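The data below hold one chain only, encoded as structure tokens and taken in the form deposited in one PDB entry.
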């Protein structure tokens, strides 16, 4: 093997060795080869006959200039064939013969010249086809597409497509049943013949980076009349030529299209009135991503937006919204630091304001977001939440998440008191000195706590888990505990994962954990335990995992019973192998006294 092997007997990465043919010493029954950047210069017949198990073949950057007739002869299960970079200018007929299950042909930058001089009419399983960067001059879909039943995507980006005509898209007019998804980014389009799109039904249509004259864009977009697209994606790119003036007059012509999901990506110049255009009112799911918006002041009330996403977009103020049909608002990763403000969304059912510096001073009131149907709140990674109410109107919330947001006044009263049906709480890494035994009161249906960077008073785990019976997952890592009080865990009958690593415990006890009937994992690594007092026959007979690593479990005959139990019931412990002792002599595993 002049080439590397990743996995024994499979996955033979043979990239970048001076090769001129497939190595013959490659074992059969492989599933993945990679012959990339090898200086092959011609494929030869039957070369892959032996590899009748290959389902992923890559030939990138090889200098392949021609192809013999029975080149891919013995290939029967090849799903993916990549041919990027090879200057195969002419695909003479008969190519791609032996392949009977090819689902993904990639032919990027192979000096192709037209979609008709492409003998793929027989590949009746081709899901995707990628011919980007390939000198093509016309969008004309050839007729043989009628054979390719399971074709759902075509990529023509970065070609020389110049104009669109009515005889193109004819295959789409005769067949109203194809689910095709086009893509024509970075093509210098300037002329769309009238009535071109008519009775057409695409599932996606990207047009990023095409036009550079507000006039030409206006006219071309106007000629899109009759189109019926399920997702229209517009915008520009940062490293390209682009419009220097953008006005809602451009969006004229879109007023008779039948958009279902209008996506608008980065735009160089952006005026806030664009989204206030009278012929977006029937769009079902608005979305912005990277636009330099400043104020989303007021949109009309006859808009039928059922969704709205604002990701990576600048903002100088929390938007003002009163849409009566909108649900599932999302404002993530905002570039600025904003403060929350009241909204009125009677049909909201999903909120997500993560990763912003949303400093949300007032808190948990129905008066804040007017919705009696919230089900997913997410305020993680924000600036500083200040609790001043018990979520008095939001009694349907099922998913709550603070993860790196400074959470204040949570201990001063029994917050979370009205959330009678909540399943996933998360307050990790919110610096929260638990010094009140009623903080988790009312959460009768919780299933998952997650607190990591939260201290306690006395560095002692108080009794804060009463009336929390259904808890199944619990996490207490990284708290700086130094002991566990007596009486905790006396009712957590269904807990199954107890996490306590990275603490500062000193010993361990078994009087606890005696009621944890269904427990299955008791990770206690890194927490400096020396022994295990109490009767050791009271652990549950369901434990499967015991992390006792990086401790200083001492083996100077200290609790000989424990030093025997640790090497006896070790089919459960984790990495019993490297169990060092910490009292001279160290480097040991067993103690002399047996039984």
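Here the rigid core means the biggest group of C-alpha atoms that line up within 1.5 Å when the two forms are laid on top of each other. Positions refer to the first chain, counted from 1.
If you look for the form deposited in another entry, you will not find it shown, but the lines that follow are about it.
- Relative to the superposed rigid core, residue 553 undergoes a CA displacement of at least 2 Å between this form and the one not shown.
- Annotation: Cα of residue 441 displaced by less than 2 Å between this form and the one not shown, core superposition.
- Residue displacement note: residue 207 has its CA displaced by under 2 Å between this form and the one not shown (rigid core superposed).
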